[PDB]
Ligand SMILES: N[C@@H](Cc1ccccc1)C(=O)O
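Take a look at this single chain, the form deposited without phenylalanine (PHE), given in structure tokens.
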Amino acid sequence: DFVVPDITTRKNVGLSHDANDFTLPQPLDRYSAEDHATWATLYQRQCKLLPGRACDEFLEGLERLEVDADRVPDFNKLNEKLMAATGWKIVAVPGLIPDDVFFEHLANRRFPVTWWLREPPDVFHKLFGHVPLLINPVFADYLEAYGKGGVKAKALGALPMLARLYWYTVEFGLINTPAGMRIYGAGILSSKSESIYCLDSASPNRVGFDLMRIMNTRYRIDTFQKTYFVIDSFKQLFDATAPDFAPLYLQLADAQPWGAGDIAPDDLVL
């Protein structure tokens, strides 16, 4: 029955965005005291739960970028540190943006960050979850290479195959370490409960990273992942982008995808 405006619409009232690249100056005046307090609450919650769960590089990135514990960060201030580390910067966007625009940003070492915050894929998820690893030069190079692939993928109708790769790496990836399994996916790192389940539960599959397998795997957004893909190094991700994806897309185009909860005959199951 009744339809009401969504959070993206409400938050962006009176604001504008580039019609081509979808950026805007970060609207600092729009963050209320409640927003800063919500940020602080989420930050404190995650920083209590993540030690021994997040990969070490993630927690180090928070500190090296001086990500504010007590307020929504000033993007420009964060950029001074990020630019010096890896030549990356974050740019504010209104919310969900078109894929070609998103890929063009990453291809140019710009990471789009939704500016607004949830009330008590918002700025907490996109900044706290996604940005700290951009100080890692190997991970940053993986994201740049990913972005550069957007033109080819769009031309071939293969953007959803790249979306699966992004989902199962950047958003929901795990990294194995001698100290045990750790988390690098931003969607897990900003989550209250998925960081617990993804390491502690016997329920989800933990499967070794395989590029073709992943690009042939469905995902859903409404639920905890049924399968997590595990890398041994960020180098594995960057190296996965080396070959020509065009013949991989065409091979996959006619295949039946793996379901979100499937185990494939060739999986290294961890």
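Start at 1 and count along the sequence shown; that's the residue number.
K.L.:
For the step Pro120 to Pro121, what size class fits the number of deposited residues with no coordinates, none, 1 to 3, 4 to 9, or 10 or more?
P.N.:
Missing residues, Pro120 to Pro121: 4 to 9.
K.L.:
Which is higher on mean Cα B factor in this entry, 16-24 or 244-252?
P.N.:
It is 16-24 that shows the higher mean C-alpha B-factor.
K.L.:
Tell me which of 208-216 and 65-73 has the higher mean C-alpha B-factor in the deposited entry.
P.N.:
The recorded data point to 65-73.
K.L.:
By the CA temperature factor listed in this entry, which of these ranks top: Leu78, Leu189, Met181, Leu159?
P.N.:
Across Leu78, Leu189, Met181, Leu159, the entry lists the biggest C-alpha B-factor for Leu78.
K.L.:
At the C-alpha atoms, which of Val113, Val101, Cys198, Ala145 reaches the highest B-factor in this entry?
P.N.:
Of the options given, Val101 has the highest CA B-factor in the PDB entry.
K.L.:
Please place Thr223 in the lowest, middle or highest third of its chain according to the CA B-factor in the PDB entry.
P.N.:
CA B-factor rank for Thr223: highest third.
K.L.:
Comparing against every modelled residue in the chain, figure out the third that the C-alpha B-factor of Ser193 lands in (lowest, middle or highest).
P.N.:
Highest third of the chain for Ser193's C-alpha B-factor.
K.L.:
Using only modelled residues of the chain, where does the Cα B factor of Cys47 rank: lowest third, middle third or highest third?
P.N.:
Middle third, going by the recorded CA B-factors of the chain.
K.L.:
Divide the modelled residues of the chain into thirds by Cα B-factor and specify which third, lowest, middle or highest, holds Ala33.
P.N.:
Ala33: CA B-factor falls in the middle third of its chain.
K.L.:
Once the chain's modelled residues are ordered by C-alpha B factor and cut into thirds, is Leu133 in the lowest, middle or highest one?
P.N.:
Middle third, going by the recorded CA B-factors of the chain.
One more form of this protein should be noted, the form deposited with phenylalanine (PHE) bound, which is absent from this view; the next part is about it.
K.L.:
At 4.5 angstroms, heavy atoms only, are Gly149, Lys152 and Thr241 all close to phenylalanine (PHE) in the deposited bound form?
P.N.:
Yes, because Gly149, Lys152 and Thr241 each have a heavy atom that approaches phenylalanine (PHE) to within 4.5 Å in the deposited bound form.
K.L.:
Spell out, yes or no, whether the shortest heavy atom distance between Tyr43 and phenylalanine (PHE) in the deposited bound form is within 4.5 Å.
P.N.:
It does not: once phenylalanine (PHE) is placed as it appears in the deposited bound form, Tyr43 has no heavy atom within 4.5 Å of it.
K.L.:
Can you work out whether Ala186 and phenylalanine (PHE) are in contact in the deposited bound form, taking contact to mean some heavy atom pair no more than 4.5 Å apart?
P.N.:
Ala186 lies outside the contact set for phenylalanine (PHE).
K.L.:
Closest heavy atom of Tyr168 to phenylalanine (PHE) in the deposited bound form, within 4.5 Å or not?
P.N.:
No, no contact at 4.5 Å.
K.L.:
Quick one: is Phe234 in contact with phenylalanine (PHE) in the deposited bound form, heavy atoms, 4.5 Å cut-off?
P.N.:
No, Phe234 stays farther than 4.5 Å from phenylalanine (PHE) in the deposited bound form.
K.L.:
Using a 4.5 Å heavy atom cut-off, which of 160-168, 174-182, 81-89, 68-76 contacts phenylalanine (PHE) in the deposited bound form?
P.N.:
Only one stretch qualifies here: 160-168.
K.L.:
Sort through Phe245, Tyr228, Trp39, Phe58 and report the residue having a heavy atom within 4.5 Å of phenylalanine (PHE) in the deposited bound form.
P.N.:
None of the other options qualify; the answer is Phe245.
K.L.:
Pick out the residues of 128-146 whose heavy atoms come within 4.5 Å of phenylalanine (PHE) in the deposited bound form.
P.N.:
Heavy-atom contacts within 4.5 Å come from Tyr142, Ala145, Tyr146.
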